[PDB]
There are 4 protein chains.
Amino acid sequence: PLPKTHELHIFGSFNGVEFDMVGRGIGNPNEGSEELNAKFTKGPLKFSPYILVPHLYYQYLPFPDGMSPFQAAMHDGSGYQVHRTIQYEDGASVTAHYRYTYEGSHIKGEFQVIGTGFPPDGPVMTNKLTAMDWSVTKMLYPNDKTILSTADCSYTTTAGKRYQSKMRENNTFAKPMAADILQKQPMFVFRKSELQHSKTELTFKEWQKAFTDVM
Amino acid sequence: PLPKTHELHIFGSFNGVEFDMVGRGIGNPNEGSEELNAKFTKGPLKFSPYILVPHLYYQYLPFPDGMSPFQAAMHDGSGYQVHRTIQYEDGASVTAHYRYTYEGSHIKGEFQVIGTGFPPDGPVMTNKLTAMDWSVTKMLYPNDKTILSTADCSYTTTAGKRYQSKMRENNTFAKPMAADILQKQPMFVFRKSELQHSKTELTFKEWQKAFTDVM
Amino acid sequence: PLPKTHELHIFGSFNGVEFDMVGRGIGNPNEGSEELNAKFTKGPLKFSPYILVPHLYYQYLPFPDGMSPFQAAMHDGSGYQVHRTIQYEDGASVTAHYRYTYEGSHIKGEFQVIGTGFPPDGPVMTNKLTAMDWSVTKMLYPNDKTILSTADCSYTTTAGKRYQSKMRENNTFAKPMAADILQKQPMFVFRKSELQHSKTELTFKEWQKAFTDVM
Amino acid sequence: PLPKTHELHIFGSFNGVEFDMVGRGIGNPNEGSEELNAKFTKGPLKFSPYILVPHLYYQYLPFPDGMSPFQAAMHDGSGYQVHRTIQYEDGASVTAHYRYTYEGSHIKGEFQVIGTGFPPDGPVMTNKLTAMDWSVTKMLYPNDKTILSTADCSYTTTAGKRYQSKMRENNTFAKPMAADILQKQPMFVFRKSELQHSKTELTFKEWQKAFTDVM
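Residues numbered from 1 in each chain as written, not as in the entry; some residues may be left out. Chains lettered and ligands numbered in written order. Heavy atoms only, no water.

For this deposited structure, the header cites X-ray crystallography as the method used and 1.8100 Å as the resolution.

Going by what the PDB entry lists, chain A is known as Fluorescent protein lanFP10A and is assigned to Branchiostoma floridae. This entry appears in the Protein Data Bank under the title "X-ray Structure of Branchiostoma floridae fluorescent protein lanFP10A". Word for word, the UniProt comment on chain A under Sequence similarities (unreviewed entry) is "Belongs to the GFP family." (UniProt positions renumbered as here; feature names shortened; annotations may be inferred.)

Listed below in structure tokens is the structure:
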């Protein structure tokens, strides 16, 4: 059972201040596209909404020859969990844990996001991020139940210089990934993200494309 | 009030498997010592108990000329939160968030600890860790409510090759730290740990000593 | 002109033991292909020849809409230098500096390569590396004379487990890169490498392809 | 023999522009002190003289119970080489290789230093560094000929924020280090630095102190 709709709940804190957000979306699991609308609960954000982009659904991502491991684990209900760290060039750090429940073609996401060390005068706390650069993630399978994923991420700023980060995650599966997934390493994923936000809501879209080669 | 006793609740998961642990302890805040006993809330652990050492109370740490910022925040109840990431040389990662409540001289710790990507054949999952090397943490105060602390950590193993990690954390304070704290940077902290564990319990001791100089 | 032939001189040390290698080769600057043969002056190497892969010619890399900055800089003779760091998961490190001279369509490379801390019983020093995984490099242009390039690299080994590294470099240009090159960021590059080696010598090939998108 | 005098030759480049320095100094190998006078070869530095601090003689460093391995390698003439990498918070990097010859108690150092990616508007290239913070280096001995040393380094700057770096090195010994040295790990080294500079020259002092404990 592959997804068509999803809900999001982010909870946690930024620089010691609790925050919470809910959203709902749609996507196309055959084309790795998704979109989400989220209404900011109680007034504006005290930080750049662009910082939320990674935390705003790999179940929408197909692989070249068949289901992604993410899709397979939804389809058989065994599931996976995501444990992510992001280290920002100015010393800030975000840690995140993602858990999912499924009903038919509907995903429910419960995302714990904790951010600290954002400089009060930095681009995140002063809302100077203007967009997130397209990215390539590299995935390896150190064992049959664990994916290690790495990316070098970056945002454009109003200043003109890019705000960089290193993103690392483990994806841990309750059951082993299928042979035909494991035999194709490394696996890369190209992602494009678009965020438009106003005072009291945001609209998010992501396109993802898995590839082993470009030549 | 300075602390004299504490209790510990750790909850989270390692390699996707929930675990939970409680214990009780004592310490001397004039001398930066502590002692903790804990039982496992389910038979033996499925990983080296030595991996828990950083998660097993900086309120017991004084500074050279007065209270640590940790002590001052316990004393006036305004408090601090710890956000820690540990990256292990074999690709495992741990993220942690520490929160505290105070009842006079008593500390209640609620510690979320999430570990992923420990190789099933690695020294953590096959219990080859023998002890935690003595360590030096470097602390800087990038602003008046934030400490950034870093350390290069290592364990001895049965094979005799060290198991290394990099530890990084923010400590985020509700109230600005005192000017006299903010004046002395970098501040270093020496730590020694000992862990004795058996099948169904562990005993933990830590000594901590702040210093700006050794000459 | 665009390059058609090249020679290689690598000098430096691995774990404090000097080594030196010369080699010659050809490539197709319109397709991003190159190959190289090098005889060992003093018989089979003291470490895995696979470790040399990144050090065995971006002048053969075209860009999607015309010349790469590398090709342009060769064209006007103004040139560029590469300064590269590679950090291996077992604590080893390599630093490298590449300088080039040009005689028409022939490239002469002088590469200093210094490696240290490769454990004697590790996969490099005991020749357990079997191949270098295909890679994706992310390139940004923090200023008009500088590229910053990052890749997460990995080799296959005999014992099945991957041998990972992080590769970071600057490419520094004597004259600014063209505004047309500077406009399209990030720029990714896909690389495939092939190495075969005898007791006597080695043969190396590389295919590189630049892309801003896969969709 | 222990050292009492040294000369220095740094050669290399910063942001692809060659520089060269020669200098002369003295020190006390029983107390871990040194001083150096050094001259800028042509005109002033295009960059902060403070960036040079780590490149401006562990032979002066005694150990708590006897000679450091650095001093023992000098004494018997077998020697060691230093291979150092430094990663700066704004994306810059320096690699250095130190080689030494000895004539009795006189050291001759030949230091290759290569720096790239320092932003033209950053604190190095616009001369905003004001001092190098006191530092603690952690040393481990993964094998009997190899030290791994790590330190988190920081400078004060004119803009009211620190400029941080991560320094990593291997020190590689032509002869095995002594077992009395190999048995005590980790070993830490505390270092203090002072720098003064004019248009034509600088004066540098360092104090180093090895310690296994502070309690």
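Still more ground to cover, so stick around.
A. Molecular detail of the interface of chain D and chain B. Contacts between the two partners involve 27 residues from chain D, matched on the other side by 28 residues from chain B. By the criterion of area lost to chain B, the three top residues of chain D are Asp152, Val214 and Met215 of chain D, representing 24% of everything that side buries. Sorting elements by how many residues they give to the side of chain D that touches chain B places strand 11 (residues 146-157) of chain D first, with five residues. Among the residues forming the side of chain D that touches chain B, the class breakdown is twelve nonpolar, seven polar and eight charged. (Contact = heavy atoms within 4.5 Å. Buried area = accessible area lost by both parts, 1.4 Å probe. Helix = DSSP H or I, 4+ residues; strand = E, 2+ residues; numbered from the N terminus. Nonpolar A, V, L, I, M, F, W, Y, C, P; charged D, E, K, R; others polar.)

B. The relation of the copies chain A and chain B, seen in detail. Mapping chain A onto chain B calls for a rotation angle of 180° and an axial translation of 0.1 Å; the resulting RMSD is 0.2 Å. Seen this way, the second copy is the image of the first under a two-fold rotation axis. Relative to the rotation axis, the C-alpha of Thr95 of chain A is the closest in chain A, positioned 3.4 Å from it. Most of the interface of chain A is mirrored in chain B: 100% of its interface residues are interface residues there too. (Least-squares fit on C-alpha atoms.)

C. Representation of the interface of chain A and chain B. Residue-level contacts link 23 residues of chain A with 24 residues of chain B. The contact between chain A and chain B buries some 1800 Å² in all, and 47% of this surface belongs to carbon and sulfur atoms. Sorting the residues of chain A by area buried against chain B places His83, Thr116 and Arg168 of chain A first, and these three jointly supply 25% of that buried surface. Taken together, the connections running from chain A to chain B amount to two salt bridges. Between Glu18 of chain A and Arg99 of chain B there is a salt bridge, and its shortest N-O distance comes to 2.4 Å. Joining chain A to chain B, the criterion identifies 13 residue pairs in polar contact. Ranked by residues supplied to the side of chain A that touches chain B, first place goes to strand 5 (residues 93-103) of chain A with five residues. Across the side of chain A that touches chain B, the residue classes tally to three nonpolar, 17 polar and three charged. (Salt bridge = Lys/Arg side-chain N within 4 Å of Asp/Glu carboxyl O. Polar contact = N/O pair within 3.5 Å; in protein donor to acceptor, adjacent residues only side chain to side chain.)

D. Spotlight on the pairing of strand 12 (residues 201-211) of chain A. Residue and element names in this part refer to chain A. Strand 12 sits mainly inside the fold: eight of its eleven residues count as buried. Relative to strand 12, strand 3 (residues 33-39) is paired through seven bridges, and the arrangement is antiparallel. Residue pairing across strands places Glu35 opposite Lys205, the latter belonging to strand 12. Strand direction decides the pairing type here: strand 11 (residues 187-197) and strand 12, joined by ten bridges, are antiparallel. Paired with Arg191 across the two strands is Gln208, which belongs to strand 12. A loop of three residues connects strand 11 with strand 12, the two strands running antiparallel in sequence. (Buried < 20%, exposed > 50% of the residue type's maximum accessible area, 1.4 Å probe, protein only. Pairing = 2+ DSSP bridges.)

E. Spatial organisation of the packing of aromatic side chains. The full count for this structure, using the stated rule, is 79 aromatic pairs over all chains. Centroid distance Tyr57 of chain A to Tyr100 of chain A: 6.0 Å. Interplanar angle 70°. Geometry classified as edge-to-face. Taken as a pair, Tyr57 of chain A in the loop between strand 3 and helix 1 (69-75) and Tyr100 of chain A in strand 5 lie far apart in primary sequence, 43 residues in all. The buried category is assigned to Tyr100 of chain A, whose relative accessible area is 14%. Pairing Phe70 of chain A with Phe173 of chain A gives two aromatic rings, centres 6.0 Å apart and planes at 40°, and the pair type is tilted. Residue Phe70 of chain A is found in helix 1, and its partner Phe173 of chain A is found in strand 10 (residues 163-173); the two are separated by 103 residues along the sequence. Here the aromatic residues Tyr57, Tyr58, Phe70, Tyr80, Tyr98, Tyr100, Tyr102, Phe111 and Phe173 of chain A are joined through ring pairs into a cluster of three or more. Here the basic side chain of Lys192 of chain B rests over the ring of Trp134 of chain B, its NZ or CZ set 4.1 Å away from the ring centre. (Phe/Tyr/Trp six-rings, centres within 6.5 Å; stacked < 30°, edge-to-face > 60°. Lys NZ or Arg CZ within 6 Å of the ring centre and 35° of its normal.)

F. Region of the structure containing the relation of the copies chain D and chain B. Aligned on chain B, chain D shows an RMSD of 0.2 Å; the corresponding rotation is 180° and the shift along the axis is 0.0 Å. Both copies contact each other with a shared surface, as 96% of the interface residues of chain D are interface residues in chain B too.

G. Here's a closer look at a positive patch on the surface. Residues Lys166 of chain A, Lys166 of chain B, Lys166 of chain C together with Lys166 of chain D make up a contiguous surface patch of positive charge. Among the secondary structure elements, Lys166 of chain B is positioned in strand 12 (residues 163-173). (Patch = residues over 30% accessible without salt bridge, like charges linked within 9 Å, V, L, I, M, F, W, Y side chains within 5 Å. Areas by Shrake-Rupley, 256 points an atom, 1.4 Å probe, with all protein chains shown as cover. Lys, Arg positive; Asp, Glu negative; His and termini not counted. Charge placed at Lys NZ, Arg CZ, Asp CG, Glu CD.)

H. A look at the side chain of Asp133 of chain A. Within the fold, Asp133 of chain A resides in the loop between strand 7 (129-132) and strand 8 (135-143). Of note is the side chain of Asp133 of chain A, whose polar atom sits 2.6 Å from the side chain of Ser154 of chain A. Beyond its immediate chain neighbours, meaning those up to four positions away, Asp133 of chain A contacts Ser154, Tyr155, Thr156 and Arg162 of chain A together with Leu140 and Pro186 of chain C.

I. Spatial organisation of the environment of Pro1 of chain A. Among the structural elements, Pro1 of chain A can be located in the segment before strand 1 (5-14). Discounting residues that sit within four places of it in the chain, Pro1 of chain A has contacts with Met74, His75 and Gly104 of chain A.

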